[PDB]
Every structure is written in C-alpha cells, then in structure tokens.
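Before any comments, here is the structure.
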Amino acid sequence: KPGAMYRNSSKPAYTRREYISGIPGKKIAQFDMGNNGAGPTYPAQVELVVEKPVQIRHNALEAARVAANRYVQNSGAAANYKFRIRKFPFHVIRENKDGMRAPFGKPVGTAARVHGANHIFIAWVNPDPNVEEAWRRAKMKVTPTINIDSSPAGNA
Amino acid sequence: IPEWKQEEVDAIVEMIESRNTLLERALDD
Amino acid sequence: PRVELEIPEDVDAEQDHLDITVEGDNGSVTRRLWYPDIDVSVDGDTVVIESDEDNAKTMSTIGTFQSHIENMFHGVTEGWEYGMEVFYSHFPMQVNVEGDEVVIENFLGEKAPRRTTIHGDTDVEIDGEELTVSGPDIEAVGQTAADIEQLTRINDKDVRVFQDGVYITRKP
Amino acid sequence: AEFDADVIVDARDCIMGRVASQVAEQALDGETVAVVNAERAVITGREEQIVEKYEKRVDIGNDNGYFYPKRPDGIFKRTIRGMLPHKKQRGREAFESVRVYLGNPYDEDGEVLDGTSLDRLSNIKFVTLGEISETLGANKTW
RNA sequence: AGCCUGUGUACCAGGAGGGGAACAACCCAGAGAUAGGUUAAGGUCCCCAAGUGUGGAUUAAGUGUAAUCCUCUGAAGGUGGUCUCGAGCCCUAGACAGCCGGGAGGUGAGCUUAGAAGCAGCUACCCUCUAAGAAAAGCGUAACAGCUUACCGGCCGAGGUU
RNA sequence: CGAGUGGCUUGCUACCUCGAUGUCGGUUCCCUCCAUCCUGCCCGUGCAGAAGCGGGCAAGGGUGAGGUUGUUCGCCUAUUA
Ligand SMILES: [Cl-]
Ligand SMILES: [Cl-]
Ligand SMILES: [Cl-]
Ligand SMILES: [Cl-]
Ligand SMILES: [Cl-]
Ligand SMILES: [K+]
Ligand SMILES: [Mg+2]
Ligand SMILES: [Mg+2]
Ligand SMILES: [Mg+2]
Ligand SMILES: [Mg+2]
Ligand SMILES: [Mg+2]
Ligand SMILES: [Mg+2]
Ligand SMILES: [Mg+2]
Ligand SMILES: [Mg+2]
Ligand code: NA
Ligand code: NA
Ligand code: NA
Ligand code: NA
Ligand code: NA
Ligand code: NA
Ligand code: NA
Ligand code: NA
Ligand code: NA
Ligand code: NA
Ligand code: NA
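Chains as they are written, first to last, in our numbering: chain A, 1 to 156; chain B, 157 to 185; chain C, 186 to 357; chain D, 358 to 499.
Printed below as a string of structure tokens:
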C-alpha cells in the first residue's frame with residue numbers, strides 16, 4: 001500500500017497498547033549501528049534532517065536504514081563509525097478493509113511521527129564522509145525532502 | 157610569503173656568493 | 186565589456202550593419218554577428234566587440250565573436266586545411282571530385298554512388314588515398330570535411346567490423 | 358483599392374499586438390486606418406512555440422468552421438478584430454474602417470506609432486509575420 | 001470524496017446592488033423613491049470606464065498574465081539555465097587551464113615464480129643526483145616495450161579554486 | 001522503499017434523473033487519444049552476418065479470416081509487415 005495513505009499527521013495520536021491489540025511487529029532491525037561499543041568520540045557528526053512533519057511507516061524506516069547502513073560498508077563490516085536512527089514507530093495505523101458502515105479500521109501497521117527539522121538519523125565519522133552518501137540514498141526512501149546536516153566538522 | 161620561496165632566494169644567493177623570478181630575485185641582491 | 190582585435194597587416198576588414206567581411210591574399214569571408222546589445226565595429230587598425238552588459242550569456246557570445254573573427258583573419262591568410270584518408274577492407278572505394286560535390290563509388294560494394302555537395306569556396310584536392318579540404322571560411326571547410334566523413338556513415342551493421350569510409354586525419 | 362485613410366500606420370519592425378491595440382482604439386474613435394507592410398510586422402518570443410500556436414489555429418475546425426487566416430494580411434486583421442466588439446454595430450463599423458496591406462500601396466510612408474517599435478539590435482527572439490505565413494504554407498505573394 | 005457525523009461562528013436558504021468570464025453561500029456591500037458627488041472590492045494595452053504611469057531588479061519558459069476553489073494541479077528527485085549574498089584557501093616571488101620541455105638513475109628493489117622488470121600476489125618503501133621525479137596514481141604487455149598522473153622548469157598574464 | 005500520472009476495471013459516496021435519459025453482447029457507420037503492434041527515421045547491445053532484444057521520435061496509413069462460448073474477456077488454428 002502507498003504512503004499516500006499514511007504520511008499525513010492529520011489523525012489523533014493512536015499509541016495506547018492497553019486499548020489496541022494485534023499490532024504488527026516492526027520491520028526495523030536495529031537502531032544502533034556500527035561500533036556501538038564506542039561512544040560518540042568522533043571528529044565529524046552528520047545528521048539527516050526531515051524538512052516536513054510527516055509519518056514514516058516502519059516499512060520506510062527499515063528500507064531507509066538498510067540502504068544507508070548497507071552502504072556504509074564502503075568502510076567495512078567492522079568499520080570505525082556509529083549510526084543512529086533516533087525515532088521509533090509509535091503511531092499505530094489502520095485500514096478499513098460493509099462499506100463506510102462500522103468503518104473504524106483494523107490495525108495494519110506502525111509509523112513514526114517526525115516534525116520538520118528533527119534529525120531522524122545521526123552518524124559519527126572521522127574525516128571520511130561516505131556517510132553523506134549513505135544518506136543521499138536514505139532520504140530517497142522516505143517521503144519528505146531532506147537536509148543533510150553536519151555538526152562537529154569545520155574540516156572543510 | 158611562501159617560505160620555501162624565501163629559502164630558495166637564499167640558497168640561490170648563496171651559490172651566487174660562492175624559477176627565473178627567484179634567480180632574478182637573488183641577482184637583485 | 187570590450188575586446189580589441191588588432192587586424193593583421195596582411196588583412197583588411199570592413200563592416201556595415203551586422204555583417205563583417207575579411208579579405209586577405211587567400212580570399213574573403215563575410216559573417217553575420219548578431220546578438221542582443223553586442224556592437225562589432227572596425228576602428229581603423231582594430232576590430233572592436235563591445236557591450237554594456239556583463240551577464241554570462243553576453244560574455245559567452247563576445248568570446249564566440251572573437252574566435253570567429255580571428256578564425257577569419259587566419260582563413261584569409263594562412264588558410265584552413267583538413268586532412269582526410271579514404272580506407273576500405275574488401276571493396277576498393279573510389280572517391281572523386283565531380284563538379285561542386287565529391288562523389289564516392291563502390292562503397293561496401295554499393296551500386297549507387299554516394300555524394301555530397303561542397304560548401305562555399307572550399308577546395309577538395311584528392312591524391313591517392315589522401316584528401317585535403319581547404320579554404321578561407323572555416324565554417325564551410327569544416328562542414329565539407331565533416332560531410333565527407335558522414336557520407337560513409339553506417340548504422341545497420343557493426344562499425345567495429347565494417348570500418349570502411351573516409352576520415353578526418355588532421356584538424357587545423 | 359483606394360482607401361481614404363485618416364491614418365496610415367507602418368507595421369515594419371513593430372509589435373503586432375501593440376499596434377493592433379492602438380489601431381483598435383483609434384477605429385472606435387471614428388478613424389479610418391490602414392496598416393502597411395504587414396508582412397514585416399513582428400512578434401516577440403521563441404519562434405518554435407509561436408508557430409505552434411498559429412499552426413494549431415489552422416488545424417482547429419469542423420463543419421461549423423474555424424476559418425483562420427494564413428497570410429500576414431489576415432493574421433494581422435484578425436488580431437485587430439479580437440480587440441473590437443466586431444459583432445456589435447459600432448464594433449463592425451470600426452473594424453470595417455480598418456484595412457491591412459502587404460507592403461505599401463500608398464505614396465506616403467506610414468507613421469510609426471509610439472511604443473510599438475522593436476529594436477533589432479537588442480532583440481534576437483522574435484519572428485516576422487511573413488515568416489509565420491511561410492511556415493503555415495501561405496503563398497509568398499510579397 | 002462535490003463522503004459520513006459533531007462543534008463554534010458567519011452566511012445561503014429568505015439577501016438585492018458592485019466585483020469574480022459565467023456561478024446559492026469567495027471579496028465589497030446589507031437596500032424606500034429621485035438627484036448630484038466620493039469611495040469600497042476590484043481594476044486602469046484593446047475588447048472595457050481609468051496608465052501602453054514612475055524609480056529599480058529578475059525571468060526567456062509565452063514560465064507567467066490563475067486570491068479562495070470538485071473547479072486554479074503538479075511531486076519525490078534532479079539542474080555549470082541564470083541572477084544575488086557569504087565564507088575558506090591559492091595568486092604579478094606569476095596562480096587556474098592549456099601548450100612545449102623534463103619526468104633521471106642504485107634499479108629490471110626483495111620476495112615468491114620458468115616468469116614478473118611501478119602496476120598477479122606478499123613485504124617494504126629506503127638514498128642519490130637535482131630545479132623536478134612514487135620502491136609508482138591509471139592504462140597497456142605472456143612478461144618487456146609503449147602511453148600517461150603525480151612531481152619540476154618554460155611560454156602566457158589575471159584572477160582562480162573550494 | 002519512496003514520489004506520481006491516467007480515469008479503461010473494481011470498490012466507495014449518494015450530487016443528478018424514479019409524472020422512465022430503453023439492458024449486456026454483437027452489428028453497422030463516423031471522429032478521436034497514444035502509454036506504438038506493423039510501417040518510416042534513429043540510439044544501445046551480452047551489435048560479425050542473418051535473426052533478435054531493449055530504447056527514442058512518431059498517430060500518415062494499416063492492424064485481417066476462422067473453431068468452442070450469448071459472452072465482453074479469453075482459449076485455440078492457419079495466414080500476416
Ligand atoms: Cl474549419
Ligand atoms: Cl461583439
Ligand atoms: Cl532576444
Ligand atoms: Cl440587513
Ligand atoms: Cl502565446
Ligand atoms: K429513475
Ligand atoms: Mg544484423
Ligand atoms: Mg426554503
Ligand atoms: Mg477607455
Ligand atoms: Mg501556461
Ligand atoms: Mg492554490
Ligand atoms: Mg433517448
Ligand atoms: Mg510518445
Ligand atoms: Mg489519424
Ligand atoms: Na453490513
Ligand atoms: Na524524499
Ligand atoms: Na508576443
Ligand atoms: Na482553422
Ligand atoms: Na442573512
Ligand atoms: Na458577476
Ligand atoms: Na501562456
Ligand atoms: Na422525469
Ligand atoms: Na450493444
Ligand atoms: Na500511426
Ligand atoms: Na472466438
């Protein structure tokens with residue numbers, strides 16, 4: 001099903017698992033990538049910033065993350081960098097799959113609500129921004145237009 | 157103010173004592 | 186902006202309206218140089234290309250007019266020449282100059298002669314498996330050379346195997 | 358043949374629409390106008406899109422009909438007609454007191470209206486009505 | 001959804017007249033008759049009343065000349081199309097680019113391998129001449145040769161580069 | 001995984017017609033669209049040639065005959081560019 005159906009934040013927040021059952025598991029494999037043993041003790045820190053409030057299905061998160069981290073293997077399976085996707089798909093989403101009668105939909109998935117200007121991804125690298133490329137590929141699989149932002153890094 | 161250029165004008169003046177611009181430079185000394 | 190081109194002692198360049206003519210011992214070439222707000226004039230010993238605008242599009246044409254004029258200076262004195270080489274693998278290609286067009290016969294065995302008409306005062310002198318296209322108008326000479334090579338173009342089959350044709354060997 | 362024009366306008370190198378707009382205004386004021394050298398009138402823009410528009414007008418039509426002129430003659434006159442309420446009595450009277458000519462059948466040289474002249478030295482993107490008609494298939498009778 | 005169902009409010013319904021091409025609810029506006037005048041929304045090239053108004057800039061696509069909207073689409077992504085503003089670095093001790101010349105030897109390093117000589121793989125990567133020149137960045141060879149990057153010099157002459 | 005275009009299917013809605021806008025399929029006869037099947041002109045090829053595959057421009061013209069089925073659709077046969 002197309003993102004057209006769920007990318008907008010026009011519906012009430014729907015996240016109370018005590019009143020919602022049958023919620024599909026998330027497809028997001030990990031949130032901490034790279035050298036998670038080490039702490040952000042890197043020279044450069046780039047972030048992928050969302051430029052519009054939107055809902056991002058756990059579907060897109062996984063594909064976006066994979067496409068970025070799977071690529072960050074331009075540095076190697078045990079390369080020196082740490083990757084972080086800071087958002088989690090809390091918003092439960094429905095579908096009315098009778099016509100408009102008793103239409104309250106059944107749970108079909110989950111999505112994460114991101115407000116314009118928040119960073120969804122944050123990578124930590126030594127002067128070796130292959131990460132800037134890992135993100136050109138990442139904002140490629142999420143609905144919004146995005147800003148690739150570098151923070152600690154005056155090594156231009 | 158490149159230093160290597162400053163050192164060359166010296167080395168050149170030294171051999172003169174015992175690039176073209178750098179030679180013309182030393183000569184001017 | 187304004188650029189000044191000192192015309193060669195060997196040449197005389199006159200210009201009325203948007204047309205410039207350049208005459209030398211080797212001939213004469215006239216061109217139209219028309220572009221928004223770019224004035225081209227002959228100030229005695231030098232040709233002047235000037236304009237009150239400096240935007241990218243304007244500078245582009247100014248630079249183009251320059252090379253066009255210098256190219257004319259060169260064409261009326263030293264002249265322009267392109268060298269070509271006829272080549273064949275099985276069928277003896279026959280390239281002849283007949284009238285104001287060069288004709289090529291027996292190309293890849295073809296019964297129908299392939300031809301093209303020469304541009305302007307361009308001389309196509311052919312000697313054996315060598316051709317020389319020359320004249321004072323680089324535009325004309327360049328095309329005549331090109332057309333000759335294009336004349337043997339093949340799309341139907343693999344060019345890497347069927348390499349017959351005439352090719353530009355030396356560019357001025 | 359013979360047209361007592363109170364005003365003879367020269368369209369050579371002028372913006373068709375700006376001339377037409379003035380010739381319209383004047384004919385509605387009771388003036389008899391003649392536009393000369395229509396073939397040399399001009400319209401700014403990219404020749405390719407300009408021609409597509411007029412070509413589309415030629416192709417448009419059906420049994421009821423959409424007679425669109427091909428000669429620079431009519432193109433210009435139709436242009437003026439669009440600036441007049443030609444179906445009203447007053448409009449038709451004005452329109453009928455305006456005539457466009459290929460070249461100049463008069464002795465006098467027409468006048469150039471203010472703000473209608475195009476400077477060829479500072480303009481390269483424009484076309485001649487004559488060129489448009491040639492593209493449309495007109496018979497260059499000028 | 002020009003959907004369904006709440007809520008507050010103004011409107012249509014039951015609301016003229018002016019504008020919006022037309023058009024219940026969008027804008028101005030709430031209206032006795034008649035008359036003169038000035039504005040509102042909106043508009044002043046023509047159709048069409050009033051500017052082919054002024055100072056300046058951008059756009060070359062007829063983009064555009066489309067407040068609102070079922071109604072006026074145009075998106076993610078991309079753009080050395082073009083204009084403007086900033087920061088860093090290099091430059092008349094001559095920068096960037098191009099063209100010309102130089103790119104040397106110990107030495108075809110050692111190792112492995114019939115082989116390997118900058119360039120299959122492994123290790124190392126030293127010092128000489130010098131104004132330059134890797135134990136070789138890319139091609140090429142069966143391996144050589146050959147062709148070039150790095151690096152230096154010249155010609156040139158003004159900004160260049162990120 | 002993400003962004004869209006179309007309005008041929010299906011679903012949704014209940015705006016229009018219940019003082020009736022005659023059904024499906026077929027047929028006959030006319031016009032059109034392009035997201036092109038053939039034909040023209042081209043590009044790439046894992047392009048030797050021949051035969052292809054894929055792509056671009058392009059709607060001028062063509063796109064036919066039959067066996068089962070009311071069928072639309074579809075299956076099948078022999079021709080065909
Ligand atoms: Cl018609
Ligand atoms: Cl009318
Ligand atoms: Cl122009
Ligand atoms: Cl009231
Ligand atoms: Cl237009
Ligand atoms: K009914
Ligand atoms: Mg073939
Ligand atoms: Mg009522
Ligand atoms: Mg008026
Ligand atoms: Mg438009
Ligand atoms: Mg809008
Ligand atoms: Mg009926
Ligand atoms: Mg097409
Ligand atoms: Mg047709
Ligand atoms: Na039901
Ligand atoms: Na995106
Ligand atoms: Na115009
Ligand atoms: Na017509
Ligand atoms: Na009311
Ligand atoms: Na109205
Ligand atoms: Na338009
Ligand atoms: Na009825
Ligand atoms: Na029927
Ligand atoms: Na067709
Ligand atoms: Na059948």
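Think of the CB as a built atom: it goes at the ideal place given N, C-alpha and C, for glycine as much as any other residue.
Please indicate yes or no: does the CB of residue i lie closer than 7 Å to some heavy atom of ligand 2?
i	result
C:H304	no
D:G448	yes
residue 162 of chain C	Outside the displayed span of chain C (186 to 357) sits residue 162 of chain C, for which this structure offers no information.
Can you name the residues of chain C whose CB is closer than 9 Å to the CB of residue i?
i	result
D:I481	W219, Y220, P221
Could you give the C-beta distance for residue i and residue j, rounded to a whole number, given that I count them as a contact under 8 Å?
i	j	result
D:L493	D:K427	4 Å
A:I120	A:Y6	16 Å between Cβ atoms; not a contact.
A:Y81	A:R137	With 8 Å as the limit, A:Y81 and A:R137 do not qualify as a contact, their Cβ atoms being about 15 Å apart.
A:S9	A:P53	6 Å
D:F452	D:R438	6 Å
C:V227	C:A198	6 Å
D:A377	D:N394	At roughly 14 Å, the Cβ-Cβ gap does not stay under 8 Å, so D:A377 and D:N394 are not in contact.
A:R57	A:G22	Actually they are not in contact, since the Cβ atoms of A:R57 and A:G22 sit about 17 Å apart, beyond 8 Å.
D:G467	D:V380	In fact, because the Cβ distance is near 11 Å, the residues do not count as touching under 8 Å.
A:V49	A:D128	Not quite, the Cβ-Cβ distance comes to about 21 Å (not below 8 Å), so this is no contact.
A:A79	A:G34	7 Å
C:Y220	C:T246	5 Å
C:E324	C:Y352	About 20 Å; that fails the 8 Å criterion.
C:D210	C:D195	6 Å
C:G305	C:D322	5 Å
Hey, would you say the C-beta of residue i is under 7 Å away from at least one heavy atom of ligand 7?
i	result
D:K410	no
D:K427	no
Compute the minimum distance between the beta carbon of residue i and the heavy atoms of ligand 16, and state whether it is under 7 Å.
i	result
A:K87	no
A:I146	yes
A:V49	no
A:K139	yes
With a threshold of 7 Å, establish whether the CB of residue i neighbours any heavy atom of ligand 18.
i	result
A:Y71	no
Is any heavy atom of ligand 17 found at a distance shorter than 7 Å from the C-beta of residue i?
i	result
D:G402	yes
Is residue i near ligand 1, with its Cβ less than 7 Å from a heavy atom?
i	result
D:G418	yes
C:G209	no
A:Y6	no
Requested in this report: Below 7 Å between beta carbons is the criterion; list the residues of the region 204–228 of chain C that meet it against any residue of chain D, in chain order.
Outcome: Hits within the stretch, in order: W219, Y220, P221, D222.
Query raised in the report: Could you give the uninterrupted runs of the beta strand (DSSP E) lying entirely in the region 384–408 of chain D, keeping only those of 3 residues or more?
Result: You should have 390–393, 399–401.
Query raised in the report: Mind pulling the alpha helix (DSSP H) runs of 4 or more residues that sit fully within the region 267–340 of chain C?
Result: Every alpha helix (DSSP H) stretch that sits fully inside the region 267–340 of chain C and reaches 4 residues is listed by chain position as 323–335.
Query raised in the report: Which ranges does the alpha helix (DSSP H) cover as unbroken runs of at least 4 residues, wholly within the region 41–123 of chain A, from first to last along the chain?
Result: 58–69, all fully within the region 41–123 of chain A.
Requested in this report: Just list the beta strand (DSSP E) runs in the region 443–478 of chain D, keeping only unbroken ones of 3 residues or longer that don't cross its boundaries, in chain order.
Outcome: Here the runs fully enclosed are 455–457.
Report task. Would you mind listing the alpha helix (DSSP H) stretches within the region 10–43 of chain A that are 4+ residues and don't spill past its ends, in chain order? Result -> Qualifying alpha helix (DSSP H) stretches: none in this window.
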